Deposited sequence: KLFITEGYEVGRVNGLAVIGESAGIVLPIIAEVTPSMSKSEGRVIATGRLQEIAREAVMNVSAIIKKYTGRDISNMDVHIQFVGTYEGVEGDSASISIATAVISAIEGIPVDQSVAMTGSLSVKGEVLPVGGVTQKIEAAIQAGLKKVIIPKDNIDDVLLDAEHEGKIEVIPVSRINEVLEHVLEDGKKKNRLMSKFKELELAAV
C-alpha cells in the first residue's frame, strides 16, 4: 500500500484526512531536508499549501526551542500517494511532525495513526472528521490514532471498535513527539528542550 504499518522510519508519518464527507484515509507524509546556499519548501500536488503552512508554523517552534533555523534548509515534502478531492486538516500536525523528525533524524513509529491541527505557539487544535478517521485507521490496521483532545467528545465508536485502536488524545506538539519519536539518547535530549 501507500503507507507502512509497523516500524520506525525517519521523517515519514501516517497522517489522516477525509475523502468525500463519508470515509476517511491515511495521508502518509515524507519530509526531507538538505542544506541551501535562503530556503524554499518544495511540495506539489493539491495538498501543497498545507505542506507549506504546516512547516511555517513548525519552523518557529524549531528555532524557539532548539535554535536550529530552517530558512537554511530546503524542506521537501510528498504525500505518498495522490489525493484528489481529499481535504487535509489545516496545518496538519502529521506534516510538522515528519519535518521535526527529518530535521532531527530521529525515527518515527508508523504503527502510531495521526491527525489534528497546529499552531504557531505549538498547540494541537481540533479538526473535522474524527470518527471517519479513527475508523479509516481501524481499517488500515494501525495500532493507536493520536488525535487532538478537544475532539475527545467527537469520537463516536461502536463498543467493539472502542477496543481495536488506542485513541490517544493530546494538545501540544511536544506530546505528539513523545508519543511518536523512537526511544533513545537523541530523543531524550530533544524532549527536554521542549520544557
{"property": "Deposited residues absent from the coordinates (by C-alpha)", "result": "38-40, 199-205"}
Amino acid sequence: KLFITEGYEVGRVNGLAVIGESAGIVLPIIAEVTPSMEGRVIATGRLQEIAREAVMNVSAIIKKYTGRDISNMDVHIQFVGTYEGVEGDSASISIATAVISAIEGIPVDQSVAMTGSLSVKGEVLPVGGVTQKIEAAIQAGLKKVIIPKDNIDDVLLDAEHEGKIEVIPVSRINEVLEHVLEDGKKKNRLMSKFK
From here on, numbers count along this sequence of modelled residues.
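The term rigid core refers to the maximal set of C-alpha atoms that superpose within 1.5 Å between the two forms.
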item: Stretch farther from the shown model on average in 4 other deposited structures of this protein, with CA RMS computed after core superposition (67-75, 120-128); value: 67-75
item: Comparing 24-32 and 46-54 where Cα RMS over structures and residues is taken in 4 other deposited structures of this protein (core fit), larger one; value: 46-54
item: Greater mean Cα temperature factor according to the PDB record, 116-124 or 75-83; value: 75-83
item: Higher-scoring stretch by recorded Cα B factor average, 51-59 or 156-164; value: 156-164
item: Peak C-alpha temperature factor (PDB record), options 169, 28, 35, 141; value: 35
item: Residue with maximal Cα B-factor (values as given in the PDB entry) among 23, 10, 181, 16; value: 23
item: Chain-relative CA temperature factor third for residue 150; value: lowest
item: Chain-wide C-alpha B factor ranking for residue 43, given as lowest, middle or highest third; value: middle
